[PDB]
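Data block below; observations after.
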Amino acid sequence: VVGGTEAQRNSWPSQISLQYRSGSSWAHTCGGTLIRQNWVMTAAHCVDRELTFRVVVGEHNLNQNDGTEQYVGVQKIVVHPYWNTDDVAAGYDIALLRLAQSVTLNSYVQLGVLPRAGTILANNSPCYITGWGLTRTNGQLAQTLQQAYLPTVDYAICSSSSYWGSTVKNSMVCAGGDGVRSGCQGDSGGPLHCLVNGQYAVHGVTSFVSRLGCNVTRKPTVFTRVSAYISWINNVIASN
Amino acid sequence: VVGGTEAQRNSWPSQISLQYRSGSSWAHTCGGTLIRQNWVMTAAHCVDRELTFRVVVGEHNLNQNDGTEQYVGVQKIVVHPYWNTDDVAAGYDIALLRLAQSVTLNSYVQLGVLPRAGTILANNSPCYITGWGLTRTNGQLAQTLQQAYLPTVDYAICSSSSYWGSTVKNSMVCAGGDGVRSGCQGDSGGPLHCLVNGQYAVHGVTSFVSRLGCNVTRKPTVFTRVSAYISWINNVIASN
Amino acid sequence: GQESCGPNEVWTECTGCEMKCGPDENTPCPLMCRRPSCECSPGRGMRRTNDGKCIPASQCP
Amino acid sequence: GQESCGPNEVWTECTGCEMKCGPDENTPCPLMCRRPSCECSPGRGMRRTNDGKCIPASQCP
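Chains as they are written, first to last, in full-length UniProt numbering: chain A, 27 to 266; chain B, 27 to 266; chain C, 1 to 61; chain D, 1 to 61.
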């Protein structure tokens, strides 16, 4: 989270923390979003590793237990079939995780809403990015959940020479790029919440930034476009 | 080397230290053997990755400069084309390294002599292992060059169910296994000198041990068989 | 070992290979040091669970 | 900067991407932390040489 502010407690009830075990504790590594009581959505690159993972729902402050959280293990993992570790710029950065138990819904824990299949946002639409990532290029991880305002940048402008050029594809969404606000290490895993008709929905999964840094002018944060994979998502789950 | 002694000052003239750039310094990572003025024999797993390396000839004490050393950079790496990082047990653990300049031969620096193509040793043949590796399982690296007497274990006993089983192939050689003496981490890449009709020659390249530990009864140290790859060697050298 | 290791783990600068309950004794370990870590070693009679912790071999099934 | 780092390097617990003299600006970096280390950062105006050192981008060729 570069350039935002602290979110109000339990405000984005569908956000989750993804951790791996290490020594006496559990370390935060990526974020993601809850779509069923026993399914989570995240990035492929977060789970290409062979580790021991868990999921926290209802979280806010990572160093203290305040009473709203629930801890659950990861039972199974499906990565999109075209994913290639060697080329993030090729697209397909998406994954699904089946949990070892069904979580309890409540005021602090709720499901995220998905976009209709095929939808495409206009230039400059309003969205927000949520996270536990660094709060400055070369900084340190955040303690409590952060948020920042980050509007859309269309395909025609995003994929031009002064921007990202051919690195960008039609399966992706850009946002931000003013040099003030963006993504940052530890925010990988989505979500990107966008307003449509006065209602919110999850239109992106965070994916990458430029190697020069986190907040760079003309290099907006890049996300996998959810509306492009609606069929795969439903079919995987139904078949299992 | 577990269970040995300090070598006499420069008694194994063709032994080298393969080091990598670390922060302000250079760190020991493997051994290897000098075969020409500008070529060295080592293991594939030692050079599998992106690193900056150099080599040192006429060394003894890694922590000091006695006046015998020559430090040179590595200019080109050639690994066996069948090598597969994901499977040491399959064999092929061998690579060639071309140096930026030729070293000066002298009393402290000499070439290793290779065996006739296809040669095989009888059970219990007399050999020594040399190196800067751990002197004890879970211990630390040596400061001076160590050696140990390690006789061979023939293919028929080595591949038996009480020994290594099918993990061992005919392209390797076994030595040691009394539970007292063996190679240990930091010894990879180095020589195994053996006697035949009163003359020494290099018959293996240090490869692996057991996951249970360094010196274990019934689990001899495993080496690549040099005599199975003499013509590949010659070719590589001739065309580069 | 070090302040961040959990039970039965020991901090080393020269890491080797680890075994789960179940692996066979004839599996290979290359003769090169790995990156520093909080290690569960077989040489001290320990093994890893499916879940990732470190326990004595005598508690493996 | 931390005991084993070389000139221009800074030790960090959450490693990003590094760049050589000449890479293009439109190459991606995933937003996941990498292993702790002595990093050469582009965010500080740094670049890696081919023989592994760390220099200021202006001193490039």
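The beta-carbon is built from N, C-alpha and C at its ideal position, and this holds for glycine as well.
Next on the checklist: So, for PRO246 (chain A): in the same chain, excluding its five sequence neighbours on each side, which residues have a beta-carbon less than 7 angstroms away from its beta-carbon?
Outcome noted: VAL179, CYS184, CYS200, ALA201, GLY202 and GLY203
Next on the checklist: Between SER43 (chain B) and chain D, is any beta-carbon pair separated by less than 7 angstroms?
Outcome noted: no
Checklist entry - Taking all protein chains shown into account, do 16 or more other C-beta atoms lie within 10 angstroms of the C-beta of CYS21 (chain C), making it buried, or fewer, making it exposed? => result exposed
Item to check | Among D:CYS60, D:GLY1 and D:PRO36, the one whose alpha carbon lies nearest that of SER50 (chain B) | outcome: D:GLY1
Item to check | Candidates B:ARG62, B:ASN64, B:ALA182 and B:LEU88, of which the one nearest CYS56 (chain B) by Cα | outcome: B:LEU88
Next on the checklist: On the criterion of 16 or more Cβ atoms from any shown chain inside 10 Å, does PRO36 (chain C) qualify as buried, or is it exposed?
Outcome noted: exposed
Checklist entry - Got a sec, what are the start and stop residues for the alpha helix (DSSP H) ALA227 (chain B) sits in? => result Per DSSP, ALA227 (chain B) belongs to no alpha helix (DSSP H); it is in the beta strand (DSSP E), 225-236.
Checklist entry - How close, in whole Å, do the beta carbons of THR161 (chain B) and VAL27 (chain B) come, if the pair is a contact with beta carbons under 8 angstroms? => result 7 angstroms
Next on the checklist: Residues in the same chain with beta-carbon distance under 6 angstroms from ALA57 (chain D), minus the five sequence neighbours each way, listed in chain order, please.
Outcome noted: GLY45 and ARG47
Next on the checklist: Which same chain residues end up closer than 7 angstroms to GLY84 (chain A) when comparing Cβ atoms and leaving out the 5 residues on each side of it in sequence?
Outcome noted: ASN36, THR94, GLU95, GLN96, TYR134 and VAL135
Item to check | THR59 (chain B) and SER40 (chain B) closer than 7 angstroms at C-beta | outcome: yes
Next on the checklist: Please classify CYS60 (chain D) as buried or exposed, where buried requires at least 16 neighbouring CB atoms within 10 angstroms.
Outcome noted: exposed
Checklist entry - What separation, rounded to the nearest whole angstrom, lies between the Cα atoms of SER151 (chain A) and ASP51 (chain C)? => result 44 angstroms
Next on the checklist: Does chain A have any CB closer than 7 angstroms to the CB of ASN50 (chain D)?
Outcome noted: no
Next on the checklist: Would the segment 64-82 of chain A count as touching the segment 117-124 of chain A if we require 3 or more Cβ pairs under 8 angstroms?
Outcome noted: yes
Checklist entry - Is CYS40 (chain C) close to chain B, meaning its C-beta is less than 7 angstroms from at least one C-beta of that chain? => result no
Item to check | C-beta neighbour in chain A for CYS60 (chain C), strict 7 angstroms | outcome: no
Checklist entry - How about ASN164 (chain A) and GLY43 (chain D): are their beta carbons less than 7 angstroms apart? => result yes
Next on the checklist: Per DSSP, what are the beta-bridge partners of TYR181 (chain A) in this structure?
Outcome noted: Answer is none; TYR181 (chain A) lacks a bridge partner.
Next on the checklist: Within 7 angstroms of any Cβ in chain A, is that where the Cβ of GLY16 (chain D) sits?
Outcome noted: yes
Next on the checklist: Can you check which of these residues, B:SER187, B:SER265, B:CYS153 and B:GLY191, is closest to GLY224 (chain B) by C-alpha distance?
Outcome noted: B:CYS153
Item to check | Sub-7 angstroms separation of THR27 (chain D) and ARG237 (chain A) beta-carbons | outcome: yes
Checklist entry - Grouping DSSP H, G and I as helix and E and B as strand, with all else coil, what is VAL222 (chain B)? => result strand
Next on the checklist: Short of 9 angstroms Cβ to Cβ, which residues in the segment 71-103 of chain A face chain D?
Outcome noted: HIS71 and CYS72
Next on the checklist: From the DSSP secondary-structure annotation, give me the bridge partner or partners of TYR46 (chain B).
Outcome noted: B:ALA53 and B:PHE79
Next on the checklist: Does the CB of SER48 (chain A) have a neighbour CB from chain D at under 7 angstroms?
Outcome noted: no
Checklist entry - Given a threshold of 16 other Cβ atoms within 10 Å of its Cβ, counted over all protein chains shown, does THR243 (chain A) qualify as buried or as exposed? => result exposed
Item to check | Extent of the continuous alpha helix (DSSP H) to which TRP258 (chain A) belongs | outcome: 256-264
Checklist entry - Quick one, are the C-beta atoms of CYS54 (chain D) and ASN8 (chain D) less than 7 angstroms apart? => result yes
Next on the checklist: Among the candidates B:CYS72, B:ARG80, B:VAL82 and B:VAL104, whose CA atom is the shortest distance from the CA of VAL231 (chain B)?
Outcome noted: B:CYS72
Next on the checklist: For the beta strand (DSSP E) containing residue 321 (chain A), name the first residue and the last one.
Outcome noted: Outside the shown range of chain A (27 to 266) lies residue 321 (chain A), about which nothing can therefore be said.
Item to check | Cβ neighbours of residue 267 (chain A) in the same chain (closer than 6 angstroms, five flanking residues each side left out) | outcome: Only positions 27 to 266 of chain A appear in this structure, which leaves residue 267 (chain A) out of reach.
Checklist entry - So, is the C-beta of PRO7 (chain D) closer than 7 angstroms to a C-beta in chain F? => result Annotation note: the requested chain F is absent from the structure, which comprises protein chains A, B, C and D.
Checklist entry - Under a CB-based cut-off of 7 angstroms, is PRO30 (chain D) close to chain A? => result yes
Item to check | Proximity below 7 angstroms, CB of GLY216 (chain B) to CB of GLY138 (chain B) | outcome: no
Checklist entry - Which runs of the beta strand (DSSP E) fall wholly inside the UniProt domain "TIL" (5-60) of chain C and span at least 3 residues, in chain order? => result 10-12, 28-30, 37-39, 46-48 and 54-56
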